[PDB]
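Here the structure is laid out as structure tokens; the discussion comes afterwards.
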2 protein chains.
Amino acid sequence: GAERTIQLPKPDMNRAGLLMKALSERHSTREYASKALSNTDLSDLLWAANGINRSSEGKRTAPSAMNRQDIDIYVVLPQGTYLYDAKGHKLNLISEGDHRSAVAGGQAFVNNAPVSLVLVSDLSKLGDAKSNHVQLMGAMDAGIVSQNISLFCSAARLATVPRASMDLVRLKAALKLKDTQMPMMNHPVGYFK
Amino acid sequence: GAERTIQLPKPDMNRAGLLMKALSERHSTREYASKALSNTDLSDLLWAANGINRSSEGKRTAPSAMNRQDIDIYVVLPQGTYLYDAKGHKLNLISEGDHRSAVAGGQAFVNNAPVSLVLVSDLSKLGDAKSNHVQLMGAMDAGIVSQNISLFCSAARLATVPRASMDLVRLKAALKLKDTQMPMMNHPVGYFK
Ligand SMILES: Cc1cc2nc3c(=O)[nH]c(=O)nc-3n(C[C@H](O)[C@H](O)[C@H](O)COP(=O)(O)O)c2cc1C
Ligand SMILES: Cc1cc2nc3c(=O)[nH]c(=O)nc-3n(C[C@H](O)[C@H](O)[C@H](O)COP(=O)(O)O)c2cc1C
């Protein structure tokens, strides 16, 4: 069955790709090559999204409210759903099997991407999970991470689209989410077709 | 008095600066050189934040929910507060005088930055402004724009910090905001001291 930990290679924090060109070419794509992302590309993508960029401080590529670091990245692959661990550049298995449909919700195109990243805010890290103000903070934090992903994909020539739509009942189950974890956004990612 | 329109130079969409290095060096800074940003730097910053990257389609560097393009960027300078117009790469005067304190709220350090960008979601472009779900969309959209700014600043060697705090009463007045416009975030920006 699925590996309980996928060890990804060290991210290449010096990878080619101009920011300004990444901004110019930043766009949503809803069609994907079928092939899996290389582990190099998946590693670099995850570090860009919300990796540790200052080791001694444990701080991240993505800012967060009060440095609470509330956004977790779940990685939904055909063989299983994993949770990104930035401290080890590794993925820890959450649930076996293919849960892309849960990410897709009503949009079938999403199942065509070889991987989806799901941005889930752990609202308890921010305050009262039932507070609208706390939710708005988590939402802001998710958008921050989303644009790291979109820009990385543009620089790296990967297809992606930021999405808010998903089947929350099936996704809660698939990602084994607590009631205080709120899925905010997701990103199907693949090579261009 | 203040120019009613500041015409900024065409943004240099091919400006030096690796994305991966921008990610590595991305961090919050709460101290600033006193000198004003060059108009070149302010132009490039605003285009990165939420410029038009596909002219024929009118689409932007920052994605938005349904392409509703809800995030407006107000630019708070010593001489006046302006609204960024992406279609003309220009700034249109909203209110004369220095309104940095309104952005600062309880944090006096903010008045030390020569410019602050205020990210205001026009919630009516998204739906019912009173809906929590609509607000969460606007918040996500603001975070997207925020991280464009943070990454640009890292690439360009500008100091910035994403903030949610501000004096909303004084800011509403200063930016002449409608009830359906919700300030979400702000970014003091300057050169490093
Ligand atoms: C949504 C959001 C709201 C924030 N609000 C404030 C704020 O009001 N004032 C401030 O000084 N910093 C604010 N911060 C900056 C965080 O404190 C900062 O991101 C955090 O300490 C991590 O530091 P880093 O950005 O260097 O990684 C905010 C950050 C985010 C993402
Ligand atoms: C917060 C947010 C939510 C979105 N939700 C969806 C979605 O559920 N499904 C989808 O196909 N696109 C979604 N989009 C993508 C937008 O439709 C897209 O950004 C917009 O059409 C502009 O296109 P562009 O990204 O190429 O600039 C979302 C975008 C954002 C920022």
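Ligands are numbered from 1 in the order shown, residues from 1 within each chain, and chains are lettered A, B, ... in the order they appear in the structure tokens.
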*Determine which residues of range 61-169 of chain A DSSP labels as strand (DSSP E or B) from the backbone of this structure, then write them out as a ChimeraX atom specification.*
/A:71-77,80-85,90-96,115-122,158-160,163
Could you please take those selected residues and save N, CA, C and O atoms as a tab-separated table (two decimals), in the first residue's frame?
```
chain	number	residue	atom	x	y	z
A	71	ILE	N	-1.88	27.60	8.26
A	71	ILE	CA	-2.22	26.89	7.02
A	71	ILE	C	-1.41	25.58	6.89
A	71	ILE	O	-0.19	25.59	6.77
A	72	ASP	N	-2.13	24.48	6.88
A	72	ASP	CA	-1.60	23.17	6.58
A	72	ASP	C	-1.89	22.84	5.14
A	72	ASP	O	-2.97	23.24	4.60
A	73	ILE	N	-0.95	22.16	4.50
A	73	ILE	CA	-1.08	21.77	3.11
A	73	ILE	C	-1.22	20.26	3.07
A	73	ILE	O	-0.30	19.52	3.43
A	74	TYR	N	-2.39	19.81	2.64
A	74	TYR	CA	-2.65	18.41	2.38
A	74	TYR	C	-2.43	18.19	0.88
A	74	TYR	O	-2.78	19.02	0.04
A	75	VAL	N	-1.78	17.09	0.59
A	75	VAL	CA	-1.38	16.73	-0.76
A	75	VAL	C	-2.12	15.47	-1.18
A	75	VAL	O	-1.89	14.39	-0.61
A	76	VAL	N	-2.99	15.63	-2.15
A	76	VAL	CA	-3.89	14.59	-2.56
A	76	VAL	C	-3.35	13.97	-3.84
A	76	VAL	O	-3.38	14.61	-4.90
A	77	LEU	N	-2.80	12.77	-3.72
A	77	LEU	CA	-2.23	12.02	-4.81
A	77	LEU	C	-3.11	10.82	-5.13
A	77	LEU	O	-3.90	10.37	-4.28
A	80	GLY	N	-2.76	8.17	-2.30
A	80	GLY	CA	-3.12	8.55	-0.95
A	80	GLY	C	-3.03	10.04	-0.73
A	80	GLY	O	-2.46	10.77	-1.56
A	81	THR	N	-3.66	10.46	0.37
A	81	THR	CA	-3.60	11.85	0.83
A	81	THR	C	-2.60	11.98	1.97
A	81	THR	O	-2.61	11.18	2.90
A	82	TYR	N	-1.74	12.98	1.85
A	82	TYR	CA	-0.61	13.22	2.75
A	82	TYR	C	-0.74	14.64	3.32
A	82	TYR	O	-1.46	15.49	2.77
A	83	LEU	N	-0.02	14.86	4.41
A	83	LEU	CA	0.13	16.18	5.07
A	83	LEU	C	1.58	16.58	4.94
A	83	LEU	O	2.48	15.86	5.33
A	84	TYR	N	1.81	17.76	4.38
A	84	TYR	CA	3.16	18.36	4.29
A	84	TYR	C	3.69	18.76	5.65
A	84	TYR	O	3.04	19.46	6.41
A	85	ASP	N	4.87	18.24	5.93
A	85	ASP	CA	5.66	18.59	7.09
A	85	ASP	C	6.87	19.41	6.64
A	85	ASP	O	7.83	18.89	6.06
A	90	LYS	N	8.93	16.55	4.10
A	90	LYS	CA	8.39	15.24	3.87
A	90	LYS	C	6.86	15.29	3.95
A	90	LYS	O	6.26	16.28	4.36
A	91	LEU	N	6.26	14.19	3.49
A	91	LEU	CA	4.82	14.06	3.45
A	91	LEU	C	4.45	12.85	4.29
A	91	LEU	O	5.03	11.78	4.12
A	92	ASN	N	3.49	13.05	5.21
A	92	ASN	CA	3.01	11.99	6.12
A	92	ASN	C	1.65	11.53	5.74
A	92	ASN	O	0.79	12.35	5.49
A	93	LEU	N	1.44	10.23	5.66
A	93	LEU	CA	0.24	9.67	5.08
A	93	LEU	C	-0.92	9.94	6.03
A	93	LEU	O	-0.82	9.70	7.23
A	94	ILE	N	-2.02	10.40	5.47
A	94	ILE	CA	-3.27	10.64	6.23
A	94	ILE	C	-4.33	9.59	5.91
A	94	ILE	O	-4.93	9.03	6.81
A	95	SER	N	-4.49	9.25	4.64
A	95	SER	CA	-5.50	8.31	4.24
A	95	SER	C	-5.21	7.72	2.88
A	95	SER	O	-5.06	8.46	1.88
A	96	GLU	N	-5.20	6.39	2.83
A	96	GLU	CA	-4.95	5.66	1.61
A	96	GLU	C	-6.00	5.88	0.57
A	96	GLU	O	-7.14	6.18	0.89
A	115	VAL	N	-2.05	15.86	-9.01
A	115	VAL	CA	-1.99	16.18	-7.60
A	115	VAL	C	-2.85	17.39	-7.34
A	115	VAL	O	-3.02	18.22	-8.25
A	116	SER	N	-3.48	17.43	-6.16
A	116	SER	CA	-4.12	18.64	-5.68
A	116	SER	C	-3.57	18.98	-4.30
A	116	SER	O	-3.36	18.10	-3.48
A	117	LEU	N	-3.33	20.27	-4.09
A	117	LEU	CA	-2.96	20.78	-2.78
A	117	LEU	C	-4.20	21.40	-2.13
A	117	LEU	O	-4.89	22.20	-2.75
A	118	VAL	N	-4.48	21.03	-0.89
A	118	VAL	CA	-5.63	21.56	-0.17
A	118	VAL	C	-5.11	22.38	0.99
A	118	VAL	O	-4.33	21.91	1.79
A	119	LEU	N	-5.53	23.64	1.05
A	119	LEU	CA	-5.07	24.63	2.06
A	119	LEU	C	-6.15	24.68	3.14
A	119	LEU	O	-7.25	25.11	2.93
A	120	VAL	N	-5.78	24.22	4.31
A	120	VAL	CA	-6.70	24.03	5.43
A	120	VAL	C	-6.17	24.89	6.58
A	120	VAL	O	-5.06	24.67	7.06
A	121	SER	N	-7.00	25.81	7.09
A	121	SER	CA	-6.56	26.67	8.16
A	121	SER	C	-6.95	25.98	9.49
A	121	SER	O	-8.10	25.59	9.68
A	122	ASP	N	-6.00	25.82	10.39
A	122	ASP	CA	-6.32	25.27	11.70
A	122	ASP	C	-6.70	26.44	12.58
A	122	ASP	O	-5.83	27.06	13.21
A	158	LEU	N	4.15	25.04	-14.59
A	158	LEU	CA	3.13	24.11	-14.15
A	158	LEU	C	1.76	24.78	-14.26
A	158	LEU	O	1.62	25.99	-14.01
A	159	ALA	N	0.77	24.00	-14.64
A	159	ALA	CA	-0.62	24.43	-14.75
A	159	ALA	C	-1.29	24.37	-13.39
A	159	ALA	O	-1.20	23.38	-12.72
A	160	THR	N	-2.02	25.41	-12.98
A	160	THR	CA	-2.78	25.39	-11.76
A	160	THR	C	-3.92	26.38	-11.83
A	160	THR	O	-4.00	27.26	-12.69
A	163	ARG	N	-8.78	27.49	-6.28
A	163	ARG	CA	-10.22	27.17	-6.19
A	163	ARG	C	-10.68	27.22	-4.77
A	163	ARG	O	-9.94	26.92	-3.87
```
*Name each residue within 9 Å of ligand 1, counting only C-alpha atoms and all ligand atoms, as an MDAnalysis selection string.*
(chainID A and resid 53:54 58:69 136:141 144) or (chainID B and resid 26:30 104 107 109:110 139 143 146:147 150 160:166 184:186)
*Tell me, as a list in words, which residues lie within 9 Å of residue 39 in chain B, counting only C-alpha atoms; anything in the same chain fewer than 5 positions away does not count.*
residues 8, 9 and 44 of chain B
Can those selected residues be exported to a file as a CSV table (one decimal), in the first residue's frame so that it contains N, CA and C atoms?
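Wrote it out as again11.csv, contents follow:
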```
chain,number,residue,atom,x,y,z
B,8,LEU,N,2.3,57.1,-13.6
B,8,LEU,CA,3.5,56.4,-13.3
B,8,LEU,C,4.1,55.8,-14.6
B,9,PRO,N,5.4,55.5,-14.5
B,9,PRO,CA,6.0,55.0,-15.7
B,9,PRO,C,5.5,53.6,-16.0
B,44,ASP,N,6.3,49.5,-10.5
B,44,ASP,CA,6.6,48.1,-10.6
B,44,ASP,C,5.9,47.3,-9.4
```
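Across the model, the gap from CA of residue 153 in chain A to CA of residue 175 in chain A is 23.9 Å.
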*From a DSSP pass on the backbone, collect the residues of range 30-192 of chain A flagged as helix (DSSP H, G or I) and hand them back as a VMD selection string.*
chain A and resid 39 to 50 65 to 67 100 to 104 108 to 112 123 to 125 132 to 156 168 to 175
_Interatomic distance (Å, one decimal) between CA of residue 124 in chain A and CA of residue 148 in chain A_ = 23.3 Å
*Residues within 12 Å of residue 170 in chain A, only C-alpha atoms, excluding chain neighbours under 6 positions, as a list in words*: residues 98, 99, 100, 101, 102, 103, 104, 105, 106, 176, 177 and 183 of chain A
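A straight line drawn from CA of residue 52 in chain A to CA of residue 22 in chain B is 13.3 Å long.
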_Under the rule that only C-alpha atoms and all ligand atoms are counted, which of A:24, A:50, A:181, A:7 is the nearest residue to ligand 2?_
A:24
_Residues within 9 Å of residue 34 in chain B, please, as an NGL selection string. Count only C-alpha atoms; anything in the same chain fewer than 5 positions from it doesn't count._
:B and (112-114 or 190-191 or 193)
Written selection (C-alpha atoms) as a PDB file, in the first residue's frame:
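Listing of again_25.pdb after writing:
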```pdb
ATOM      1  CA  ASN B 112       7.836  55.797   9.245  1.00  0.00           C
ATOM      2  CA  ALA B 113       7.200  54.126   5.869  1.00  0.00           C
ATOM      3  CA  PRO B 114       7.116  56.577   2.993  1.00  0.00           C
ATOM      4  CA  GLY B 190      10.015  51.478   2.099  1.00  0.00           C
ATOM      5  CA  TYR B 191      13.669  50.925   1.371  1.00  0.00           C
ATOM      6  CA  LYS B 193      17.207  51.428   6.552  1.00  0.00           C
TER       7      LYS B 193
END
```
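For the choices B:131, B:55, B:5, B:40, the atom-to-atom distance to ligand 2 is smallest for B:55 when using only C-alpha atoms and all ligand atoms.
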